[PDB]
$ cat work.pdb   # PDB, C-alpha atoms (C1' of nucleotides)
ATOM      1  CA  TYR A   3       2.748  20.588 -21.474
ATOM      2  CA  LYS A   4       2.480  16.795 -21.278
ATOM      3  CA  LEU A   5       1.503  14.882 -18.137
ATOM      4  CA  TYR A   6       2.514  11.270 -17.455
ATOM      5  CA  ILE A   7      -0.192   9.589 -15.373
ATOM      6  CA  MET A   8       1.101   6.762 -13.180
ATOM      7  CA  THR A   9      -0.417   5.006 -10.165
ATOM      8  CA  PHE A  10       1.412   3.452  -7.214
ATOM      9  CA  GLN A  11       0.622   0.382  -5.116
ATOM     10  CA  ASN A  12       2.472  -0.495  -1.890
ATOM     11  CA  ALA A  13       5.323   1.964  -2.361
ATOM     12  CA  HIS A  14       7.787   3.676  -0.018
ATOM     13  CA  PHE A  15       9.057   7.277   0.104
ATOM     14  CA  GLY A  16      10.984   8.252   3.218
ATOM     15  CA  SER A  17      11.696  11.786   4.401
ATOM     16  CA  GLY A  18      14.482  12.149   6.953
ATOM     17  CA  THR A  19      14.617   8.593   8.287
ATOM     18  CA  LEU A  20      14.114   5.201   6.661
ATOM     19  CA  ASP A  21      11.428   4.122   9.143
ATOM     20  CA  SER A  22       9.206   7.121   8.351
ATOM     21  CA  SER A  23       7.375   7.629   5.067
ATOM     22  CA  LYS A  24       5.097  10.170   3.402
ATOM     23  CA  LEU A  25       2.274   9.940   0.882
ATOM     24  CA  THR A  26       4.225  11.989  -1.689
ATOM     25  CA  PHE A  27       7.891  12.744  -2.361
ATOM     26  CA  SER A  28      10.059  15.684  -3.358
ATOM     27  CA  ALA A  29      10.886  16.540  -6.964
ATOM     28  CA  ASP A  30      14.593  15.702  -6.596
ATOM     29  CA  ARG A  31      13.777  11.977  -6.402
ATOM     30  CA  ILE A  32      12.707  11.755 -10.055
ATOM     31  CA  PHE A  33      15.645  13.749 -11.436
ATOM     32  CA  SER A  34      18.175  11.725  -9.416
ATOM     33  CA  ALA A  35      16.684   8.461 -10.756
ATOM     34  CA  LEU A  36      16.722   8.917 -14.543
ATOM     35  CA  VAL A  37      20.350  10.082 -14.461
ATOM     36  CA  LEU A  38      21.424   7.072 -12.382
ATOM     37  CA  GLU A  39      19.822   4.618 -14.827
ATOM     38  CA  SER A  40      21.071   6.465 -17.924
ATOM     39  CA  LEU A  41      24.601   5.114 -17.433
ATOM     40  CA  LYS A  42      23.327   1.527 -17.257
ATOM     41  CA  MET A  43      21.658   1.883 -20.667
ATOM     42  CA  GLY A  44      24.413   3.679 -22.582
ATOM     43  CA  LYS A  45      23.464   7.339 -22.961
ATOM     44  CA  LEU A  46      24.569   9.179 -19.820
ATOM     45  CA  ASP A  47      26.261  11.887 -21.904
ATOM     46  CA  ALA A  48      23.112  12.416 -23.994
ATOM     47  CA  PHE A  49      20.834  13.371 -21.090
ATOM     48  CA  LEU A  50      23.460  15.691 -19.578
ATOM     49  CA  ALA A  51      23.138  18.083 -22.537
ATOM     50  CA  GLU A  52      19.320  17.967 -22.318
ATOM     51  CA  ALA A  53      18.493  18.841 -18.698
ATOM     52  CA  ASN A  54      20.385  22.153 -19.025
ATOM     53  CA  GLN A  55      18.241  23.392 -21.940
ATOM     54  CA  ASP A  56      15.907  25.691 -19.945
ATOM     55  CA  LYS A  57      12.736  24.351 -21.582
ATOM     56  CA  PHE A  58      13.281  20.887 -20.056
ATOM     57  CA  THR A  59      11.756  20.568 -16.590
ATOM     58  CA  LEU A  60       9.930  18.179 -14.268
ATOM     59  CA  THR A  61       7.055  18.421 -11.798
ATOM     60  CA  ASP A  62       6.348  16.961  -8.371
ATOM     61  CA  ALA A  63       4.102  13.959  -7.691
ATOM     62  CA  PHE A  64       0.569  15.370  -7.732
ATOM     63  CA  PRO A  65      -2.466  13.205  -6.888
ATOM     64  CA  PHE A  66      -4.908  12.214  -9.629
ATOM     65  CA  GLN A  67      -8.387  11.000  -8.603
ATOM     66  CA  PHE A  68     -10.749  11.661 -11.535
ATOM     67  CA  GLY A  69      -8.956  14.961 -12.071
ATOM     68  CA  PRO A  70      -5.540  16.540 -11.558
ATOM     69  CA  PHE A  71      -4.739  18.009  -8.149
ATOM     70  CA  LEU A  72      -2.647  21.044  -7.228
ATOM     71  CA  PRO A  73      -1.067  22.091  -3.918
ATOM     72  CA  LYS A  74      -2.647  24.749  -1.749
ATOM     73  CA  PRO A  75      -1.304  28.323  -1.919
ATOM     74  CA  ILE A  76       0.961  29.101   1.025
ATOM     75  CA  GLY A  77      -0.288  32.111   2.975
ATOM     76  CA  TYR A  78      -3.520  32.384   0.970
ATOM     77  CA  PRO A  79      -6.071  33.593   1.680
ATOM     78  CA  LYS A  80      -5.142  36.621   3.798
ATOM     79  CA  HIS A  81      -7.000  38.035   6.823
ATOM     80  CA  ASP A  82     -10.162  39.127   5.029
ATOM     81  CA  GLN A  83     -12.204  35.955   4.461
ATOM     82  CA  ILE A  84     -13.909  34.518   7.544
ATOM     83  CA  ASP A  85     -16.293  32.008   5.863
ATOM     84  CA  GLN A  86     -19.640  32.312   7.687
ATOM     85  CA  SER A  87     -19.004  34.325  10.863
ATOM     86  CA  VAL A  88     -20.884  32.561  13.670
ATOM     87  CA  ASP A  89     -18.592  32.131  16.679
ATOM     88  CA  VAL A  90     -14.901  32.531  17.459
ATOM     89  CA  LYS A  91     -14.653  28.809  18.270
ATOM     90  CA  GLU A  92     -16.153  27.640  14.968
ATOM     91  CA  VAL A  93     -13.913  29.916  12.884
ATOM     92  CA  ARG A  94     -10.732  28.945  14.741
ATOM     93  CA  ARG A  95     -11.426  25.197  14.572
ATOM     94  CA  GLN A  96     -11.907  25.263  10.781
ATOM     95  CA  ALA A  97      -8.747  27.270  10.041
ATOM     96  CA  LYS A  98      -6.548  24.304  10.993
ATOM     97  CA  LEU A  99      -8.345  22.057   8.486
ATOM     98  CA  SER A 100      -6.843  24.094   5.638
ATOM     99  CA  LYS A 101      -3.396  23.907   7.256
ATOM    100  CA  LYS A 102      -3.427  20.094   7.314
ATOM    101  CA  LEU A 103      -4.633  20.037   3.695
ATOM    102  CA  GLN A 104      -2.183  18.642   1.137
ATOM    103  CA  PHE A 105      -3.575  19.226  -2.369
ATOM    104  CA  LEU A 106      -6.551  21.045  -3.880
ATOM    105  CA  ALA A 107      -8.684  20.123  -6.871
ATOM    106  CA  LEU A 108      -8.248  21.624 -10.328
ATOM    107  CA  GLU A 109     -11.672  23.310 -10.128
ATOM    108  CA  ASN A 110     -11.093  24.807  -6.653
ATOM    109  CA  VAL A 111      -8.006  26.829  -7.627
ATOM    110  CA  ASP A 112     -10.205  29.926  -8.057
ATOM    111  CA  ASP A 113     -12.854  29.349  -5.370
ATOM    112  CA  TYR A 114     -10.310  28.844  -2.573
ATOM    113  CA  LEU A 115      -9.027  32.412  -2.997
ATOM    114  CA  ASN A 116     -12.568  33.824  -2.655
ATOM    115  CA  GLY A 117     -13.552  32.130   0.611
ATOM    116  CA  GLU A 118     -13.979  28.370   0.957
ATOM    117  CA  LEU A 119     -12.594  25.939   3.540
ATOM    118  CA  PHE A 120     -13.051  22.166   3.505
ATOM    119  CA  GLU A 121     -11.304  19.001   4.642
ATOM    120  CA  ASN A 122      -8.983  17.255   2.202
ATOM    121  CA  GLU A 123     -10.174  14.032   0.599
ATOM    122  CA  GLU A 124      -8.874  10.823   2.174
ATOM    123  CA  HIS A 125      -6.418   9.565  -0.455
ATOM    124  CA  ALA A 126      -4.684   6.717   1.395
ATOM    125  CA  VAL A 127      -3.733   5.494   4.865
ATOM    126  CA  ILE A 128      -0.205   5.060   6.214
ATOM    127  CA  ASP A 129       0.486   1.359   6.819
ATOM    128  CA  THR A 130       3.704  -0.215   8.091
ATOM    129  CA  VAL A 131       5.334  -3.635   7.801
ATOM    130  CA  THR A 132       7.839  -5.434  10.016
ATOM    131  CA  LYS A 133      10.963  -7.431   9.180
ATOM    132  CA  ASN A 134      13.817  -9.057  11.084
ATOM    133  CA  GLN A 135      16.809 -11.374  10.655
ATOM    134  CA  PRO A 136      17.112 -14.783  12.357
ATOM    135  CA  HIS A 137      20.869 -15.326  11.919
ATOM    136  CA  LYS A 138      21.940 -11.974  13.374
ATOM    137  CA  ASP A 139      21.193 -11.757  17.124
ATOM    138  CA  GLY A 140      17.468 -11.679  16.327
ATOM    139  CA  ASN A 141      17.538  -8.003  15.371
ATOM    140  CA  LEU A 142      14.597  -6.313  13.666
ATOM    141  CA  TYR A 143      13.565  -3.031  12.063
ATOM    142  CA  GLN A 144      10.368  -1.185  11.161
ATOM    143  CA  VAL A 145       9.523   0.455   7.832
ATOM    144  CA  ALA A 146       6.388   2.178   6.546
ATOM    145  CA  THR A 147       4.583   1.697   3.232
ATOM    146  CA  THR A 148       2.045   3.637   1.163
ATOM    147  CA  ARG A 149      -1.009   1.676  -0.015
ATOM    148  CA  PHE A 150      -3.161   3.852  -2.265
ATOM    149  CA  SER A 151      -6.923   3.344  -2.489
ATOM    150  CA  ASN A 152     -10.086   4.831  -4.011
ATOM    151  CA  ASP A 153      -8.320   5.092  -7.394
ATOM    152  CA  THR A 154      -5.410   7.243  -6.208
ATOM    153  CA  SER A 155      -2.917   7.929  -9.006
ATOM    154  CA  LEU A 156      -0.113  10.400  -9.692
ATOM    155  CA  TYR A 157       1.131  12.352 -12.695
ATOM    156  CA  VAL A 158       4.286  14.223 -13.695
ATOM    157  CA  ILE A 159       4.473  16.959 -16.343
ATOM    158  CA  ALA A 160       7.553  17.130 -18.571
ATOM    159  CA  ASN A 161       8.487  17.940 -22.175
ATOM    160  CA  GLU A 162       7.665  15.790 -25.196
ATOM    161  CA  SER A 163      10.757  14.477 -26.983
ATOM    162  CA  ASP A 164      12.133  11.362 -28.679
ATOM    163  CA  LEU A 165      14.475  10.440 -25.803
ATOM    164  CA  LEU A 166      12.586  11.034 -22.555
ATOM    165  CA  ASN A 167       9.805   8.591 -23.463
ATOM    166  CA  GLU A 168      12.329   5.739 -23.697
ATOM    167  CA  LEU A 169      14.158   6.449 -20.422
ATOM    168  CA  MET A 170      10.935   6.401 -18.377
ATOM    169  CA  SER A 171       9.726   3.223 -20.110
ATOM    170  CA  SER A 172      12.103   1.110 -17.994
ATOM    171  CA  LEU A 173      11.496   3.004 -14.736
ATOM    172  CA  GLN A 174       8.093   1.340 -14.288
ATOM    173  CA  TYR A 175       9.853  -2.058 -14.121
ATOM    174  CA  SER A 176      12.791  -1.026 -11.937
ATOM    175  CA  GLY A 177      11.455   0.605  -8.750
ATOM    176  CA  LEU A 178      11.325   4.249  -7.707
ATOM    177  CA  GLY A 179      12.269   5.334  -4.193
ATOM    178  CA  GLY A 180      12.132   3.435  -0.937
ATOM    179  CA  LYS A 181      13.138  -0.205  -0.672
ATOM    180  CA  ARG A 182      13.956  -0.881  -4.325
ATOM    181  CA  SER A 183      15.358  -4.359  -3.560
ATOM    182  CA  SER A 184      11.915  -5.772  -2.740
ATOM    183  CA  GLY A 185       9.371  -4.328  -5.163
ATOM    184  CA  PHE A 186       8.417  -0.991  -3.592
ATOM    185  CA  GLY A 187       8.414   1.167  -6.703
ATOM    186  CA  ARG A 188       6.865  -0.758  -9.582
ATOM    187  CA  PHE A 189       4.136   1.157 -11.408
ATOM    188  CA  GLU A 190       2.488   1.469 -14.831
ATOM    189  CA  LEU A 191       3.014   4.413 -17.179
ATOM    190  CA  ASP A 192      -0.243   5.669 -18.725
ATOM    191  CA  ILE A 193       0.779   7.776 -21.722
ATOM    192  CA  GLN A 194      -1.495  10.592 -22.901
ATOM    193  CA  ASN A 195      -1.416  13.410 -25.453
ATOM    194  CA  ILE A 196      -3.935  16.130 -24.517
ATOM    195  CA  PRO A 197      -3.472  17.265 -20.879
ATOM    196  CA  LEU A 198      -6.290  19.624 -19.885
ATOM    197  CA  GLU A 199      -7.472  23.006 -21.146
ATOM    198  CA  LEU A 200      -7.433  24.557 -17.653
ATOM    199  CA  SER A 201      -3.985  23.337 -16.528
ATOM    200  CA  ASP A 202      -2.076  25.332 -19.164
ATOM    201  CA  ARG A 203      -1.043  28.353 -17.069
ATOM    202  CA  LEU A 204       2.607  27.244 -16.776
ATOM    203  CA  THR A 205       4.703  30.301 -17.655
ATOM    204  CA  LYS A 206       8.276  31.419 -16.998
ATOM    205  CA  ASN A 207       8.353  34.986 -18.350
ATOM    206  CA  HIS A 208       5.929  37.483 -16.822
ATOM    207  CA  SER A 209       5.477  37.842 -13.055
ATOM    208  CA  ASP A 210       1.831  38.368 -12.032
ATOM    209  CA  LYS A 211       1.636  36.846  -8.527
ATOM    210  CA  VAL A 212       3.146  33.509  -9.546
ATOM    211  CA  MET A 213       3.674  30.431  -7.359
ATOM    212  CA  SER A 214       6.864  28.361  -7.287
ATOM    213  CA  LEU A 215       6.642  24.582  -6.886
ATOM    214  CA  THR A 216       8.922  21.521  -6.945
ATOM    215  CA  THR A 217      11.143  22.980  -4.190
ATOM    216  CA  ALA A 218      12.445  26.290  -5.536
ATOM    217  CA  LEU A 219      16.073  27.403  -5.239
ATOM    218  CA  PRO A 220      16.991  31.017  -6.053
ATOM    219  CA  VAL A 221      20.250  31.922  -7.754
ATOM    220  CA  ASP A 222      23.030  33.927  -6.110
ATOM    221  CA  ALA A 223      22.253  36.861  -8.436
ATOM    222  CA  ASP A 224      18.584  36.900  -7.360
ATOM    223  CA  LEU A 225      17.963  35.911  -3.726
ATOM    224  CA  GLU A 226      16.705  38.733  -1.476
ATOM    225  CA  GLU A 227      15.276  40.611  -4.479
ATOM    226  CA  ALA A 228      12.601  37.908  -4.853
ATOM    227  CA  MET A 229      12.470  36.776  -1.204
ATOM    228  CA  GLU A 230      11.102  40.004   0.297
ATOM    229  CA  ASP A 231       7.306  39.938   0.748
ATOM    230  CA  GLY A 232       6.692  36.272   0.051
ATOM    231  CA  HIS A 233       5.383  33.018   1.486
ATOM    232  CA  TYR A 234       7.544  29.902   1.783
ATOM    233  CA  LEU A 235       8.403  27.011   4.098
ATOM    234  CA  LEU A 236      11.856  25.496   4.564
ATOM    235  CA  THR A 237      12.071  21.703   4.397
ATOM    236  CA  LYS A 238      14.853  19.096   4.486
ATOM    237  CA  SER A 239      16.218  16.639   1.926
ATOM    238  CA  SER A 240      19.556  14.829   2.151
ATOM    239  CA  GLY A 241      21.047  11.360   2.627
ATOM    240  CA  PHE A 242      23.994   9.148   1.823
ATOM    241  CA  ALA A 243      25.262   9.128  -1.751
ATOM    242  CA  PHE A 244      25.081   6.115  -4.072
ATOM    243  CA  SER A 245      28.187   5.610  -6.223
ATOM    244  CA  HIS A 246      30.101   2.611  -7.581
ATOM    245  CA  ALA A 247      33.710   3.767  -6.985
ATOM    246  CA  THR A 248      34.184   5.371  -3.565
ATOM    247  CA  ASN A 249      34.505   2.537  -1.008
ATOM    248  CA  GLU A 250      32.842   4.816   1.563
ATOM    249  CA  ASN A 251      29.901   6.633  -0.071
ATOM    250  CA  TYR A 252      30.276  10.125   1.384
ATOM    251  CA  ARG A 253      27.338  12.098   2.758
ATOM    252  CA  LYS A 254      25.739  14.648   0.451
ATOM    253  CA  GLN A 255      25.582  18.195   1.778
ATOM    254  CA  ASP A 256      22.289  19.574   3.053
ATOM    255  CA  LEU A 257      20.154  21.567   0.594
ATOM    256  CA  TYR A 258      17.344  23.240   2.559
ATOM    257  CA  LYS A 259      15.039  24.155  -0.319
ATOM    258  CA  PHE A 260      11.355  25.154  -0.139
ATOM    259  CA  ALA A 261       7.989  23.385  -0.457
ATOM    260  CA  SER A 262       5.586  22.676  -3.314
ATOM    261  CA  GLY A 263       3.260  25.655  -3.639
ATOM    262  CA  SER A 264       5.278  28.632  -2.362
ATOM    263  CA  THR A 265       4.074  32.066  -3.476
ATOM    264  CA  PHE A 266       6.744  34.706  -4.138
ATOM    265  CA  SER A 267       6.309  37.775  -6.409
ATOM    266  CA  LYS A 268       8.847  37.735  -9.256
ATOM    267  CA  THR A 269      10.249  35.096 -11.610
ATOM    268  CA  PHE A 270      13.304  33.034 -10.671
ATOM    269  CA  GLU A 271      15.880  31.472 -13.014
ATOM    270  CA  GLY A 272      16.618  27.926 -11.846
ATOM    271  CA  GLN A 273      20.119  26.437 -11.761
ATOM    272  CA  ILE A 274      21.727  23.027 -11.211
ATOM    273  CA  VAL A 275      23.778  22.773  -8.019
ATOM    274  CA  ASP A 276      26.633  20.257  -7.837
ATOM    275  CA  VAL A 277      27.081  18.284  -4.606
ATOM    276  CA  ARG A 278      30.789  17.444  -4.240
ATOM    277  CA  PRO A 279      31.787  16.803  -0.606
ATOM    278  CA  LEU A 280      35.334  15.479  -0.975
ATOM    279  CA  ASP A 281      36.050  13.969  -4.398
ATOM    280  CA  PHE A 282      34.127  11.875  -6.928
ATOM    281  CA  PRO A 283      34.815  10.824 -10.539
ATOM    282  CA  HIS A 284      31.293  11.956 -11.532
ATOM    283  CA  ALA A 285      29.069  14.823 -10.335
ATOM    284  CA  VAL A 286      25.971  14.571  -8.142
ATOM    285  CA  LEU A 287      23.387  16.520 -10.138
ATOM    286  CA  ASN A 288      20.226  18.129  -8.780
ATOM    287  CA  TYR A 289      16.927  19.372 -10.190
ATOM    288  CA  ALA A 290      16.149  22.775  -8.621
ATOM    289  CA  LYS A 291      14.053  23.982 -11.579
ATOM    290  CA  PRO A 292      10.855  25.469 -10.130
ATOM    291  CA  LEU A 293       7.901  26.283 -12.365
ATOM    292  CA  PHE A 294       5.216  28.955 -11.979
ATOM    293  CA  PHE A 295       1.417  28.983 -12.079
ATOM    294  CA  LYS A 296      -0.730  31.987 -12.972
ATOM    295  CA  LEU A 297      -3.296  31.210 -10.226
TER     296      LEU A 297
ATOM    297  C1'   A B   1      24.227   9.023 -10.375
ATOM    298  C1'   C B   2      17.148   7.572  -5.734
ATOM    299  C1'   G B   3      16.851   9.439   3.831
ATOM    300  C1'   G B   4      19.321   5.238  -0.055
ATOM    301  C1'   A B   5      22.326   0.586  -0.195
ATOM    302  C1'   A B   6      22.997  -5.072   2.928
ATOM    303  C1'   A B   7      18.205  -8.275   5.963
ATOM    304  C1'   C B   8      12.924 -15.199   6.621
ATOM    305  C1'   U B   9       8.790 -12.736  12.523
ATOM    306  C1'   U B  10      12.744 -17.060  11.622
ATOM    307  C1'   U B  11      14.787 -21.377  14.969
ATOM    308  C1'   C B  12      11.647 -25.105  18.972
ATOM    309  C1'   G B  13       6.171 -28.000  19.652
ATOM    310  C1'   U B  14       0.485 -34.926  18.693
ATOM    311  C1'   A B  15      -5.376 -30.003  21.106
ATOM    312  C1'   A B  16      -3.208 -34.454  24.893
ATOM    313  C1'   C B  17      -4.148 -38.122  29.505
ATOM    314  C1'   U B  18      -8.786 -40.807  31.096
ATOM    315  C1'   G B  19     -14.031 -43.633  29.762
ATOM    316  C1'   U B  20     -18.289 -51.107  27.568
ATOM    317  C1'   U B  21     -24.653 -47.519  24.429
ATOM    318  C1'   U B  22     -24.879 -49.832  29.221
ATOM    319  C1'   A B  23     -28.766 -51.988  33.185
ATOM    320  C1'   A B  24     -33.863 -54.484  32.827
ATOM    321  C1'   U B  25     -37.128 -58.339  28.958
ATOM    322  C1'   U B  26     -39.969 -66.487  27.356
ATOM    323  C1'   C B  27     -42.466 -64.580  19.960
ATOM    324  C1'   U B  28     -46.488 -66.658  23.694
ATOM    325  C1'   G B  29     -52.252 -67.142  25.196
ATOM    326  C1'   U B  30     -56.770 -70.565  23.049
ATOM    327  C1'   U B  31     -56.324 -75.594  19.253
ATOM    328  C1'   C B  32     -57.900 -84.416  18.849
ATOM    329  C1'   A B  33     -55.472 -85.276  11.214
ATOM    330  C1'   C B  34     -60.969 -84.921  12.059
ATOM    331  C1'   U B  35     -66.396 -86.497  10.289
ATOM    332  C1'   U B  36     -70.071 -90.624   7.795
ATOM    333  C1'   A B  37     -68.165 -96.408   7.372
ATOM    334  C1'   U B  38     -70.229-105.217   7.685
ATOM    335  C1'   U B  39     -63.397-107.514   4.260
ATOM    336  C1'   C B  40     -68.438-109.348   3.433
TER     337        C B  40
END
$ encode --input "work.pdb" --output "structure tokens"
Amino acid sequence: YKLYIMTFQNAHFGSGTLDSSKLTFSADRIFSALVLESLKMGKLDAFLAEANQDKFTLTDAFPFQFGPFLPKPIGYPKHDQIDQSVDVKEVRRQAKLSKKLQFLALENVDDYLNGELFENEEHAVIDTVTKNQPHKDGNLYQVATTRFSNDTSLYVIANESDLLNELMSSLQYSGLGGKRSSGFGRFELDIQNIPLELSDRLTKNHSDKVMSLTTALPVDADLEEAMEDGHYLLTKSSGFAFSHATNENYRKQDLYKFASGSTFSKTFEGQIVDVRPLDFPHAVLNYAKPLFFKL
RNA sequence: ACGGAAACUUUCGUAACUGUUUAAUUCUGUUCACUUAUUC
């Protein structure tokens, strides 16, 4: 509906452990950031009645290098396309190149299903930095960073309103993920109006071989009915909570969701799960609002 | 209500000791203040 192009430079997005880092990040990082900063501004109760309005949703961090990128379809293609049958060694060595691929181009969303295999474009390299502490037994730690290159940018698709544009205006000067108390999260928001005439297949009604993204999460009333005959991949996303009145900061429960680009068969619903381990004066919200692409 | 929050590759240390641009070498070899001339 409306994409928000933003580029990163020397950022950090861990996945499992603080020392490790990935080029992208899950969709729950953006939703858990605007709600945390809404209380500091003075409108936490205003955004609570907006996220639960069905039409309001968010997208994952997709690369943008002279064109929007989309994840590869999980399980596609099937066992029918061999792509130039020459030898069993040449066909087997090129099948892994598509497995290590991260995102596909906007113009290759239709040619990949017909029979085409190629190596993903080199977006950025994983670089790490070292730190220590002199007045504490000389201890040290290692953390990784993400330095984009070759004009590597990202974009998130949301809904146009007169309240969301002001909440994200301060996020570019406040950090986003990783070591926020250093400067690993500052970016620049490039606002736009017209997205693209091809990337308008986002629907949530009919079910014609759709594809769920942004880590799907089925509802209790529709789990196995949409899980049978599908392609998915279980991941992992958790960590310690961040509150201001606990004196302990309890651990959030595990929420093994899916991956960006899973192909099911029917249309889900999307709910908001509440993470309450012991007791908290507030409520740890979560995204869990997957979209669908016509493919 | 962000696998996050708290954190100096920091504290220490002359690129240093030693060693003549030195030894050898005449600004000298040839050269009339000269030629003509009554203090008558």
$ residues_around --input "work.pdb" --residues "region 87-91 of chain A" --least-positions-apart "6" --cutoff "12 Å" --atoms "only C-alpha atoms (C1' of nucleotides)" --output "list in words"
residues 97, 98 and 117 of chain A
$ write_last_selection --input "work.pdb" --atoms "C-alpha atoms" --output "mmCIF file, in the frame of the given file"
data_model
loop_
_atom_site.group_PDB
_atom_site.id
_atom_site.type_symbol
_atom_site.label_atom_id
_atom_site.label_comp_id
_atom_site.auth_asym_id
_atom_site.auth_seq_id
_atom_site.Cartn_x
_atom_site.Cartn_y
_atom_site.Cartn_z
ATOM 1 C CA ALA A 97 -8.747 27.270 10.041
ATOM 2 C CA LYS A 98 -6.548 24.304 10.993
ATOM 3 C CA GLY A 117 -13.552 32.130 0.611
#
$ interface_residues --input "work.pdb" --of "chain A" --to "chain B" --cutoff "8 Å" --atoms "only C-alpha atoms (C1' of nucleotides)" --output "short mmCIF file (atom, residue, chain, number, x, y, z; two decimals) with C-alpha atoms, keeping the file's coordinate frame"
data_model
loop_
_atom_site.label_atom_id
_atom_site.label_comp_id
_atom_site.auth_asym_id
_atom_site.auth_seq_id
_atom_site.Cartn_x
_atom_site.Cartn_y
_atom_site.Cartn_z
CA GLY A 16 10.98 8.25 3.22
CA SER A 17 11.70 11.79 4.40
CA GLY A 18 14.48 12.15 6.95
CA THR A 19 14.62 8.59 8.29
CA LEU A 20 14.11 5.20 6.66
CA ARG A 31 13.78 11.98 -6.40
CA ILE A 32 12.71 11.76 -10.06
CA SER A 34 18.18 11.72 -9.42
CA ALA A 35 16.68 8.46 -10.76
CA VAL A 37 20.35 10.08 -14.46
CA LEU A 38 21.42 7.07 -12.38
CA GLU A 39 19.82 4.62 -14.83
CA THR A 132 7.84 -5.43 10.02
CA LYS A 133 10.96 -7.43 9.18
CA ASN A 134 13.82 -9.06 11.08
CA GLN A 135 16.81 -11.37 10.66
CA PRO A 136 17.11 -14.78 12.36
CA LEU A 178 11.32 4.25 -7.71
CA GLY A 179 12.27 5.33 -4.19
CA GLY A 180 12.13 3.44 -0.94
CA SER A 239 16.22 16.64 1.93
CA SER A 240 19.56 14.83 2.15
CA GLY A 241 21.05 11.36 2.63
CA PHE A 242 23.99 9.15 1.82
CA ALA A 243 25.26 9.13 -1.75
CA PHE A 244 25.08 6.12 -4.07
CA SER A 245 28.19 5.61 -6.22
CA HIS A 284 31.29 11.96 -11.53
CA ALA A 285 29.07 14.82 -10.34
CA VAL A 286 25.97 14.57 -8.14
CA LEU A 287 23.39 16.52 -10.14
#
$ resolve_selection --input "work.pdb" --expression "the PyMOL selection byres ((chain A and resi 68-71) around 8)" --output "PyMOL selection string"
chain A and resi 64-67+72-73+105-108+157
$ atom_distance --input "work.pdb" --atom1 "CA of residue 170 (chain A)" --atom2 "CA of residue 272 (chain A)"
23.2 Å
$ atom_distance --input "work.pdb" --atom1 "CA of residue 176 (chain A)" --atom2 "CA of residue 189 (chain A)"
8.9 Å
$ atom_distance --input "work.pdb" --atom1 "CA of residue 26 (chain A)" --atom2 "CA of residue 7 (chain A)"
14.6 Å
$ closest_residue --input "work.pdb" --among "A:111, A:4, A:139, A:278" --to "residue 252 (chain A)" --atoms "all atoms listed in the file"
A:278
$ resolve_selection --input "work.pdb" --expression "the PyMOL selection byres ((chain A and resi 152) around 10)" --output "PyMOL selection string"
chain A and resi 67+124-126+150-151+153-155
$ residues_around --input "work.pdb" --residues "residue 185 (chain A)" --least-positions-apart "4" --cutoff "9 Å" --atoms "all atoms listed in the file" --output "JSON list (two decimals) with C-alpha atoms, in the coordinates of the input"
[["chain", "number", "residue", "atom", "x", "y", "z"],
["A", 12, "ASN", "CA", 2.47, -0.50, -1.89],
["A", 13, "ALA", "CA", 5.32, 1.96, -2.36],
["A", 176, "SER", "CA", 12.79, -1.03, -11.94],
["A", 177, "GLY", "CA", 11.46, 0.60, -8.75],
["A", 181, "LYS", "CA", 13.14, -0.20, -0.67]]
$ residues_near_point --input "work.pdb" --point "(4.9, -3.0, 1.8)" --cutoff "8 Å" --atoms "only C-alpha atoms (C1' of nucleotides)" --output "list in words"
residues 12, 13, 14, 129, 130, 131, 146, 147, 148, 149 and 186 of chain A
$ resolve_selection --input "work.pdb" --expression "the PyMOL selection byres ((chain A and resi 208) around 10)" --output "JSON, numbers by chain"
{"A": [205, 206, 207, 209, 210, 211, 212, 268, 269, 294, 296]}
$ closest_residue --input "work.pdb" --among "A:28, A:54, A:183, A:116" --to "residue 158 (chain A)" --atoms "all atoms listed in the file"
A:28
$ decode --input "work.pdb" --residues "region 110-117 of chain A" --atoms "N, CA and C atoms" --output "compact mmCIF listing (two decimals), in the first residue's frame"
# COMPACT_ATOMS: atom_id res chain seq x y z
N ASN A 110 11.81 -11.18 -11.10
CA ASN A 110 12.06 -12.61 -11.16
C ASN A 110 11.05 -13.42 -10.34
N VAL A 111 9.94 -12.80 -9.93
CA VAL A 111 8.94 -13.51 -9.16
C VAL A 111 8.13 -14.46 -10.03
N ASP A 112 8.15 -14.27 -11.35
CA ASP A 112 7.43 -15.14 -12.27
C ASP A 112 8.35 -16.06 -13.06
N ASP A 113 9.61 -15.66 -13.26
CA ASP A 113 10.55 -16.50 -13.99
C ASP A 113 11.19 -17.57 -13.12
N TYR A 114 11.20 -17.38 -11.80
CA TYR A 114 11.77 -18.39 -10.91
C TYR A 114 10.89 -19.64 -10.84
N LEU A 115 9.58 -19.48 -10.99
CA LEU A 115 8.66 -20.61 -10.96
C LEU A 115 8.65 -21.40 -12.26
N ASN A 116 9.23 -20.86 -13.33
CA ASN A 116 9.27 -21.55 -14.62
C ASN A 116 10.55 -22.35 -14.84
N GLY A 117 11.64 -21.98 -14.18
CA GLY A 117 12.89 -22.70 -14.32
C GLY A 117 14.09 -21.79 -14.50
